[PDB]
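Asks: once you've seen the sequence and the experimental structure below, I've got questions.
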Amino acid sequence: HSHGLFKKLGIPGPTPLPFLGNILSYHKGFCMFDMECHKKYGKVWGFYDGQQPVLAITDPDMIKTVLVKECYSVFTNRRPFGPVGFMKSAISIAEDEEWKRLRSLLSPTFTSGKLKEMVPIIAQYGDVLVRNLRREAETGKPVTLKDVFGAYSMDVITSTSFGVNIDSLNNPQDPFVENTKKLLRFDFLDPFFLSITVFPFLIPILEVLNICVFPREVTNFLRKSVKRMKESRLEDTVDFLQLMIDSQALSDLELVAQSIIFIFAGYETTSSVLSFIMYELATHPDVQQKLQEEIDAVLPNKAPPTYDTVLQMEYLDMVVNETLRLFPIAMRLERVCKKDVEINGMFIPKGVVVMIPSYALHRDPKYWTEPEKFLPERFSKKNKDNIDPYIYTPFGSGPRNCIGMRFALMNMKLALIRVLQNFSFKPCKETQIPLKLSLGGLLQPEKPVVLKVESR
Ligand code: HEM
Ligand SMILES: CC[C@@H](CC[C@H](CC)NC(=O)[C@H](CO)NC(=O)N(C)Cc1csc(C(C)C)n1)NC(=O)OCc1cncs1
């Protein structure tokens with residue numbers, strides 16, 4: 001048993017059980033477990049995912065060292081998670097040299113120039129989202145946001161990876177829609193991933209059986225989807241595909257891996273955050289009116305948002321950020337400790353997963369006044385400098401942060417601008433209040449957010 005380590009290092013934690021470790025404590029969610037631990041062990045503590053020692057850390061300096069300083073030398077990778085197949089090459093999964101190589105090649109993809117070039121595209125599906133919303137605002141029946149936002153999010157993804165101009169909501173049965181939709185993942189507390197942690201010694205076994213967490217089903221029709229366009233569309237002579245093609249040491253059957261992860265990364269994420277935001281504005285009509293006014297002051301007479309226009313919206317940026325404080329989609333940030341180290345006084349042995357509890361740190365009394373309340377003013381220029389960048393980490397930090405940050409932000413904002421210009425979102429009878437979060441390992445709502453939509 002490796003279960004003696006935190007006792008021996010003099011680190012407090014909940015007492016692990018044989019084989020299971022502390023996993024049974026997840027029955028309440030990463031979220032309440034991390035908050036409880038913080039509350040009763042203080043700044044630093046230790047637990048076991050099966051036989052895997054995880055060290056939680058909460059000190060801004062120490063986090064900065066793990067996330068930003070010793071990233072390259074010591075804390076380079078995330079923890080392996082289950083049988084991954086060819087997706088071992090995807091940037092967010094890759095390790096060491098291979099990761100450093102991929103992050104360089106793909107960095108040019110997420111530049112402001114490429115992003116400004118992507119505006120007219122993502123924006124054009126703002127109009128579709130509106131159109132679509134306009135029909136359902138005439139029904140007067142509760143809208144399921146995550147579904148309307150889902151279609152928008154797919155729509156924006158497809159289009160910025162080799163223009164696949166699909167009206168995703170109203171082409172429910174299109175090859176690109178059906179596959180992509182199914183790439184809704186991953187819950188690391190579901191039955192499957194649970195066993196993966198009580199039995200990591202089973203991963204080698206499933207890998208050799210070709211069993212993959214990214215279901216073979218989906219990855220198949222994308223490997224093949226990509227193969228023909230990549231060859232045909234530029235044989236006759238503005239998207240991630242092109243940007244990728246041009247920069248060719250980037251292997252063929254690694255480009256597919258990047259392509260899949262950008263779908264898997266923006267699809268469920270952009271749509272979830274957006275839902276959480278529209279929930280927040282509905283249950284906060286004041287904020288929503290304040291927002292609609294900012295937008296109308298900047299873009300008078302429903303004028304179409306632009307790149308520069310979007311950045312100019314102080315209050316929009318504040319609403320987005322607050323929503324991310326309350327519902328960070330990562331929940332935790334993790335790095336594997338590559339060799340023995342001494343960071344800000346304390347010793348980390350090689351092999352330990354070092355873990356920063358974002359969801360918990362985002363809700364900590366030491367840093368936030370009335371931390372349960374949705375209050376966008378915390379992010380106004382008056383108060384924002386009191387906000388520590390290593391407590392508030394919705395996009396991680398350091399060399400291994402979210403490569404898609406500015407794209408995520410811009411995308412989401414463009415959706416909000418076009419949507420708020422045209423509609424108001426009011427809660428109805430089916431709407432859950434206060435919103436309850438899911439007990440799983442994906443931070444999402446128990447019941448899908450349903451809201452009344454009214455035409456301005
Ligand atoms: C609102 C939506 C999003 C949120 C809240 C978000 C947040 C994050 C967070 C917290 C990390 C971990 C960083 C760390 O360990 O410090 C991350 C990693 C990453 N994200 Fe984003 N993300 C979002 C959307 C995107 C989009 C749109 C893309 C690209 C299309 C993207 C691509 C990545 C990649 C490739 C990594 C791993 C980076 C690496 O290992 O080098 N995510 N995301
Ligand atoms: C394939 C899993 C995951 C890899 C990296 C993400 C980044 C947010 N990691 C996570 O934070 C997610 C939680 O939503 N999962 C994890 O926390 N892990 C990968 C670690 C893990 C694996 S098992 C476990 C339990 C047993 C304690 N923890 N997704 C992924 O590929 O990133 C695409 C995205 C980019 N931006 C937002 S999502």
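Replies: Thanks, I have it. Numbering: from 1, shown residues only. Ligands and ions are numbered 1, 2, ... in the order given.

Asks: does stretch 202-214 come close to ligand 2?
Replies: No. Figure legend: stretch 202-214 not in contact with ligand 2 (CB under 6 Å from any ligand atom); closest approach 7.5 Å. (C-beta placed from N, C-alpha, C; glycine too.)

Asks: show me what counts as buried in that stretch.
Replies: Judged by neighbour count (16 or more other CB atoms under 10 Å), stretch 202-214 contains these buried residues: 203, 206, 212-214.

Asks: so which of the residues you listed are in helices?
Replies: Assignment to helices by DSSP state H places the following of the buried residues of stretch 202-214 there: 203, 206.

Asks: and stretch 341-358 with ligand 2, contact?
Replies: No. Applying CB under 6 Å from any ligand atom, one finds stretch 341-358 separated from ligand 2 by no less than 8.1 Å.

Asks: for that stretch, give me every contacting residue.
Replies: By CB atoms under 8 Å, 6 or more residues apart in numbering, the surrounding residues in contact with stretch 341-358 are 5, 9, 34-35, 38, 44, 49, 52-59, 61-63, 65-67, 70, 74-75, 79, 328, 330-340, 393-394.

Asks: the longest helix along the chain near ligand 2 at all?
Replies: If you go by DSSP H, the chain has its longest helix at helix 252-282. Yes. For helix 252-282, a contact with ligand 2 is found by CB under 6 Å from any ligand atom, at 261, 264-265, 269.

Asks: which members of the contacts of stretch 341-358 are positioned in strands?
Replies: 44, 49, 52-57, 333-336 (DSSP state E).

Asks: can I get these in a markdown table including neighbour count and distance to ligand 2?
Replies: Below are the ones in strands among the contacts of stretch 341-358 laid out as a markdown table (neighbours: other CB atoms under 10 Å; distance: CB to the nearest ligand atom, whole Å):
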| residue | neighbour count | distance to ligand 2 |
| --- | --- | --- |
| 44 | 16 | 18 |
| 49 | 22 | 5 |
| 52 | 18 | 8 |
| 53 | 26 | 12 |
| 54 | 20 | 7 |
| 55 | 23 | 13 |
| 56 | 22 | 11 |
| 57 | 23 | 15 |
| 333 | 23 | 7 |
| 334 | 19 | 5 |
| 335 | 23 | 10 |
| 336 | 18 | 10 |
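
Asks: among the residues you listed, which one lies nearest to ligand 1?
Replies: residue 333 (4.6 Å; CB to the nearest ligand atom).

Asks: which one of the residues of helix 252-282 next to ligand 2 is nearest residue 320?
Replies: residue 269 (13.2 Å; CB to CB).

Asks: check contacts around residue 318.
Replies: Counting by CB under 8 Å, 6+ apart, residue 318 makes contact with 376-380.

Asks: just the buried residues of these.
Replies: Judged by 16+ other CB under 10 Å, buried ones among the contacts of residue 318: 376, 378-379.

Asks: and which of those residues is nearest ligand 2?
Replies: residue 379 (20.7 Å).

Asks: isn't that closest one right next to residue 324, touching?
Replies: No. Between residue 379 and residue 324 there is no contact under CB atoms under 8 Å: 9.9 Å.

Asks: next to ligand 2, which bits of the stretch 301-450 of the chain? Give me the list.
Replies: 330-332, 334, 402.

Asks: quick revisit: could you pick out which of the residues of helix 252-282 next to ligand 2 are near ligand 1?
Replies: Counting by CB under 6 Å from any ligand atom, the members of the residues of helix 252-282 next to ligand 2 near ligand 1 are 261, 265, 269.

Asks: with distance to residue 349 and neighbour count as extra columns, can I get the residues of helix 252-282 next to ligand 2 in a markdown table?
Replies: Formatted as a markdown table, these follow (distance: CB to CB, whole Å; neighbours: other CB atoms under 10 Å):
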| residue | distance to residue 349 | neighbour count |
| --- | --- | --- |
| 261 | 31 | 21 |
| 264 | 33 | 21 |
| 265 | 32 | 19 |
| 269 | 33 | 17 |
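
Asks: out of those, which two sit at the greatest distance?
Replies: 261 and 269 (11.6 Å).

Asks: can you name the residue of the chain nearest to ligand 2?
Replies: residue 265 (3.3 Å).

Asks: so that residue makes contact with residue 411?
Replies: No. Counting by CB under 8 Å, residue 265 stays clear of residue 411, with 11.8 Å between them.

Asks: mind listing the strands for the stretch 351-456 of the chain?
Replies: 353-356, 423-427, 450-455 (DSSP state E, counting those that start in this stretch).

Asks: residues contacting whichever residue of the chain sits closest to ligand 1?
Replies: Nearest residue of the chain to ligand 1: residue 396, at 1.6 Å (CB to the nearest ligand atom). Residues near residue 396 by CB under 8 Å, 6+ apart: 67, 330, 333, 402.
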